[PDB]
Amino acid sequence: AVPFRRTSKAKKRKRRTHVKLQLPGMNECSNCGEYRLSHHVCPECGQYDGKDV
Amino acid sequence: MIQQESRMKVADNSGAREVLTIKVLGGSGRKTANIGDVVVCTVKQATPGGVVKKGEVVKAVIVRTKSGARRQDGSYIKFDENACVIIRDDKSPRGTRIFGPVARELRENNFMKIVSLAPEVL
Amino acid sequence: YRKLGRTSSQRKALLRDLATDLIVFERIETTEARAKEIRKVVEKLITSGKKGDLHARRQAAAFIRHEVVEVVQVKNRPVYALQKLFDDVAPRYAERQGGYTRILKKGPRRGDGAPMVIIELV
Amino acid sequence: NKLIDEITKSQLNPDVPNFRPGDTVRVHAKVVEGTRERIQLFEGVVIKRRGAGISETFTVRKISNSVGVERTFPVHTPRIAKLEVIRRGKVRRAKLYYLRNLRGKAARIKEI
Amino acid sequence: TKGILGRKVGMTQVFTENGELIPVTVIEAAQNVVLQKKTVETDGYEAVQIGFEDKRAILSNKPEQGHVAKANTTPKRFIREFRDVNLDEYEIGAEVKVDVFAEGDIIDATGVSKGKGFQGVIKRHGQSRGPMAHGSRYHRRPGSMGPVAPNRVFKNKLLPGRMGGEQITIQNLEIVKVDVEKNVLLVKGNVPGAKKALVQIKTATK
RNA sequence: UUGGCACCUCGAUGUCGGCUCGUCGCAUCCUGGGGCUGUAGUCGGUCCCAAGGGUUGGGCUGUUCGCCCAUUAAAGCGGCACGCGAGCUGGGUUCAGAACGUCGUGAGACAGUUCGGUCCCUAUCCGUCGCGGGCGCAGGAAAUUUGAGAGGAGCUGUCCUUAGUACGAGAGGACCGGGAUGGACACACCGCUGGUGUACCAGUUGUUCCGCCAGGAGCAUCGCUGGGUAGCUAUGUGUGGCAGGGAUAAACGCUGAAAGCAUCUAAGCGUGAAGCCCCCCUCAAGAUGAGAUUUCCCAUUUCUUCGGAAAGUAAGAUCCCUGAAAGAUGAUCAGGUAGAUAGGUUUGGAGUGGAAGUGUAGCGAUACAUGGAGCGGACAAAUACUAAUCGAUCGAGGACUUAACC
Ligand SMILES: [K+]
Ligand SMILES: [K+]
Ligand SMILES: [K+]
Ligand SMILES: [K+]
Ligand SMILES: [Mg+2]
Ligand SMILES: [Mg+2]
Ligand SMILES: [Mg+2]
Ligand SMILES: [Mg+2]
Ligand SMILES: [Mg+2]
Ligand SMILES: [Mg+2]
Ligand SMILES: [Mg+2]
Ligand SMILES: [Mg+2]
Ligand SMILES: [Mg+2]
Ligand SMILES: [Mg+2]
Ligand SMILES: [Mg+2]
Ligand SMILES: [Mg+2]
Ligand SMILES: [Mg+2]
Ligand SMILES: [Mg+2]
Ligand SMILES: [Mg+2]
Ligand SMILES: [Mg+2]
Ligand SMILES: [Mg+2]
Ligand SMILES: [Mg+2]
Ligand SMILES: [Mg+2]
Ligand SMILES: [Mg+2]
Ligand SMILES: [Mg+2]
Ligand SMILES: [Zn+2]
């Protein structure tokens, strides 16, 4: 319930291989050639599926 | 679903009236008994002048139960009380008359004098 | 079904609120779980509107909040969400069978990273 | 399920009548030995009718000799030779489980 | 020896000529086809590869399409081998109906049990709860890992985890009814898996 | 076990008994096999082989032990810090209080008693149980698989018959074998019996509200109460340990010498256990020994002086999205307009139990009809109405030698 030993730099880093976060699943609006999230409304043009909002 | 410390009204003429179970028979960890299954018992309530009396250990047969039975034809018989019959070492009663209804599982398990003396077997 | 961090009272209150709000404003920004429930709720109200029976109206009035959309000088008379539901909203979809409501994904909220959506009735 | 229904449709007994809880029935039930049969009558009141199709059951309650008995049957057994509805009963519940904590004069079901 | 693949449709009950009542699982076994016939010289073991359901060519792929085209039929969803089976039967492309069985014929039913998630020990492994009163703060915990001396705990000390999904065979079940029109097989009792699950029915080893 | 020694630990190695979980040995309690019997049979005594599985529930006590009741096929002996307190209890005991008897002038004490009395810790590492990501497995992919190896299970009674036969003066009463039905245990599943069912139905109390009546809503444990879908599940249902091969233990023997006989052994043959290896269930090619079969994509372009590289693709797979049969998250599985994946809608269905409004009867409460009505989370089938849009990303161009084919 208490550490018997201090985690070394290497073992710390070997845990931290997976804490990362991923590039977001985005792409360019067909209307504005400007990056946006798939299946989401573009915040720049305010448009979705060829239809303003 | 009769197990240790379960009580049962007594359905026969013998001096017993109410009964407590000591031991479900038929194996090591047999913990519940159903209709047609013998159970070692004590008498906790007796009628005066009876053959059987307060404090006597005796073997006895389960004859009607709230948790009853299912038959191979898909049908279930249930009662509103758990009742027993006190018997000898053979499968015969010690009393002479039998009260209340009764189940055919006894007829299956060769408790035939009980099946006979009872008024309505269901 | 979806629980929403809330016990049954609070959840039902939330849905009554959100559904009334979508009937009133016809477009609201919420979270996608709340939205994915009020689609069911609201569209089941639109059916009651499409029926128009008194029984459907009472059944809906048991759910919708009693609050005003606007006032109309006929003398100033207020209109209510139930009136807007049966007299304005649901006649719009007399010919549409189902699917009276869509959800458009907007993006994540700052203070809690919550995934937010616009829900509107077409 | 529809497929289940389509299979079990043949074993549906149409000889069974319309009956409900509250009503008194007489069940002409078969009781079978290794090579023999008796028909025995169970006349009592219907408490519940649950299920669907051939998975449907009803329970009939009786009081025999100061003891209450409660006998369940599938609706579509061939070991019910006949089912005679006698008294129909006005009653406000589908499940008449209250009759178990009741003996006579309170178990009385009003006929119509 | 003889076998099919099927889907579990559900459970019901059936009355037999005696008037006895018999629960039954329903298996719908349509579109069964023989796709490959494995040999001792080509592979090292004799078996018959059956494919069960027809599916769509956009859910399929070109490899599966080729393997089924070598049988002259459509892509399939479930494909499985059966062993201890004669190969002089089962010509490629052949359809494999429920009529291979018969009432009272006796089988093993093999399927993938239902999914309970992460579970504890008393549900999963059947252990006993500790008391819920008399001062207990030990209710549904697993018990001692073991003794002190090893400085370690032995394998097969049973612990929480993901309960189901395991493959299961139930043995010596009875076939009640056969309906070739519905492609339906009835089995006394049960089989593993939820509804819509794959069941592998075959003649019993014993 | 009682003890002896005082070698680790006094900068802490927590004690008896119980609960949870077990695991190991065999000096085997039961089941199994066998020899001797002062073994007639039934039952038994003693001894050899066997550790496969099994080996109860209560009363008194803090109790282990032990006595008792009642069962059992049997109620094994022991080791693991007399297993297990960062897993639980905390009754006893030796913390502080108080009292009894007793010893002491006394303070006070007693393996004398009695009543009462605080058991801390967010798991770093290994280990254990489950789930993923990465790479490898001399091209890249999709499915099906062998099975080294590994785990699991392995128990057993009672009744019938053989046959009231054998045996016995009778009393009694079999072996071997054939079959039926149970206990405990395991696995699975929810059609049945039931339970639960806090977004299903109803009744109902108080009070506030919806302007009032009426109908309804809020709070009161989901207000209480009667039911109950799916799902989860046992106490419920289905099945299981069947039948067995191969080689052995103890043992019984055949043949046969050494040792003209004898001898089960020395060479050599046979029988022979619940045990050993298999049969049965499950996992399993990271089985770096990285296996096999079937099918699919092809041999691109830039470069680089070589090695070798990157940079767009194919088969295929995914980011993303709708989701459940799945699920801690991932994963898995079902689908993504070449669409019924989910929601809604329409039909139904379980379930509840006879909506509202209106009318009739009644002073009224209320009752009746309209009308198995109305409502109906998760259930089923159809329906593309709503949202799964449009995109984007990863993903090969297949080294060398030998042999045979050629
Ligand atoms: K010390
Ligand atoms: K410990
Ligand atoms: K749908
Ligand atoms: K009405
Ligand atoms: Mg509340
Ligand atoms: Mg227990
Ligand atoms: Mg607690
Ligand atoms: Mg230290
Ligand atoms: Mg320490
Ligand atoms: Mg020995
Ligand atoms: Mg005590
Ligand atoms: Mg005790
Ligand atoms: Mg200890
Ligand atoms: Mg302790
Ligand atoms: Mg410790
Ligand atoms: Mg204490
Ligand atoms: Mg003391
Ligand atoms: Mg004390
Ligand atoms: Mg912890
Ligand atoms: Mg850790
Ligand atoms: Mg169920
Ligand atoms: Mg109120
Ligand atoms: Mg009112
Ligand atoms: Mg208040
Ligand atoms: Mg042998
Ligand atoms: Zn844009």
# chains A, B, ... in the order shown; residues from 1 in each chain; ligands from 1
$ residues_around --residues "region 18-23 of chain A" --least-positions-apart "4" --cutoff "10 Å" --atoms "only C-alpha atoms (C1' of nucleotides)" --output "VMD selection string"
(chain A and resid 13 to 14) or (chain F and resid 133 319)
$ write_last_selection --atoms "C-alpha atoms (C1' of nucleotides)" --output "PDB file, in the first residue's frame"
ATOM      1  CA  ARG A  13       8.436   6.623 -19.179  1.00  0.00           C
ATOM      2  CA  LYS A  14       7.488   3.074 -20.090  1.00  0.00           C
TER       3      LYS A  14
ATOM      4  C1'   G F 133      -1.940  -1.798 -27.657  1.00  0.00           C
ATOM      5  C1'   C F 319     -10.210   7.229 -38.054  1.00  0.00           C
TER       6        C F 319
END
$ residues_around --residues "region 335-343 of chain F" --least-positions-apart "3" --cutoff "10 Å" --atoms "only C-alpha atoms (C1' of nucleotides)" --output "PyMOL selection string"
(chain C and resi 36-37+39-40+43+98-99+101) or (chain E and resi 56-59) or (chain F and resi 321-324+382-384+386-389)
$ interface_residues --of "chain F" --to "chain C" --cutoff "10 Å" --atoms "only C-alpha atoms (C1' of nucleotides)" --output "PyMOL selection string"
chain F and resi 198-199+210+215-218+222+343-346+355-357+374-375+377-378+383+385-387
$ write_last_selection --atoms "C-alpha atoms (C1' of nucleotides)" --output "PDB file, in the first residue's frame"
ATOM      1  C1'   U F 198     -37.024   3.417  -9.347  1.00  0.00           C
ATOM      2  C1'   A F 199     -39.114   6.100 -17.823  1.00  0.00           C
ATOM      3  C1'   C F 210     -52.192  23.312 -13.538  1.00  0.00           C
ATOM      4  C1'   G F 215     -58.955  15.202 -15.723  1.00  0.00           C
ATOM      5  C1'   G F 216     -53.987  15.226 -14.273  1.00  0.00           C
ATOM      6  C1'   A F 217     -48.995  16.730 -12.395  1.00  0.00           C
ATOM      7  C1'   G F 218     -45.049  17.859  -8.008  1.00  0.00           C
ATOM      8  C1'   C F 222     -40.261   4.744  -6.223  1.00  0.00           C
ATOM      9  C1'   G F 343     -34.737   6.347 -33.031  1.00  0.00           C
ATOM     10  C1'   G F 344     -39.583   7.611 -34.673  1.00  0.00           C
ATOM     11  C1'   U F 345     -44.071   5.911 -37.257  1.00  0.00           C
ATOM     12  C1'   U F 346     -47.652   1.741 -38.456  1.00  0.00           C
ATOM     13  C1'   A F 355     -59.425   5.242 -20.250  1.00  0.00           C
ATOM     14  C1'   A F 356     -61.412  10.037 -21.169  1.00  0.00           C
ATOM     15  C1'   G F 357     -65.718  12.327 -22.788  1.00  0.00           C
ATOM     16  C1'   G F 374     -57.494   2.837 -22.790  1.00  0.00           C
ATOM     17  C1'   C F 375     -52.403   3.035 -21.590  1.00  0.00           C
ATOM     18  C1'   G F 377     -39.418   1.227 -20.908  1.00  0.00           C
ATOM     19  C1'   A F 378     -36.472  -2.526 -22.751  1.00  0.00           C
ATOM     20  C1'   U F 383     -41.396   1.176 -42.934  1.00  0.00           C
ATOM     21  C1'   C F 385     -39.360   9.537 -42.299  1.00  0.00           C
ATOM     22  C1'   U F 386     -34.750  11.158 -38.778  1.00  0.00           C
ATOM     23  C1'   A F 387     -29.307  10.295 -37.988  1.00  0.00           C
TER      24        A F 387
END
$ residues_near_ligand --ligand "ligand 20" --cutoff "9 Å" --atoms "only C-alpha atoms (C1' of nucleotides) and all ligand atoms" --output "list in words"
residues 123, 124 and 125 of chain F
$ residues_near_ligand --ligand "ligand 6" --cutoff "10 Å" --atoms "only C-alpha atoms (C1' of nucleotides) and all ligand atoms" --output "ChimeraX atom specification"
/E:127-131 /F:19
$ interface_residues --of "chain E" --to "chain B" --cutoff "6 Å" --atoms "only C-alpha atoms" --output "ChimeraX atom specification"
/E:19-21
$ residues_around --residues "residue 140 (chain F)" --least-positions-apart "2" --cutoff "10 Å" --atoms "only C-alpha atoms (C1' of nucleotides)" --output "PDB file with C-alpha atoms (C1' of nucleotides), in the first residue's frame"
ATOM      1  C1'   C F 297      -3.726  -8.313 -54.468  1.00  0.00           C
ATOM      2  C1'   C F 298       0.333  -7.501 -57.624  1.00  0.00           C
ATOM      3  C1'   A F 314      -3.923  -2.733 -54.717  1.00  0.00           C
ATOM      4  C1'   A F 315      -6.290  -6.913 -51.854  1.00  0.00           C
ATOM      5  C1'   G F 316      -7.730  -5.479 -47.220  1.00  0.00           C
ATOM      6  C1'   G F 395      -1.716  -0.887 -46.003  1.00  0.00           C
ATOM      7  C1'   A F 396       2.740  -4.962 -50.711  1.00  0.00           C
ATOM      8  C1'   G F 397       5.963  -4.531 -55.043  1.00  0.00           C
ATOM      9  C1'   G F 398       8.102  -9.655 -52.079  1.00  0.00           C
TER      10        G F 398
END
$ residues_near_ligand --ligand "ligand 23" --cutoff "9 Å" --atoms "only C-alpha atoms (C1' of nucleotides) and all ligand atoms" --output "list in words"
residues 212, 213, 214 and 215 of chain F
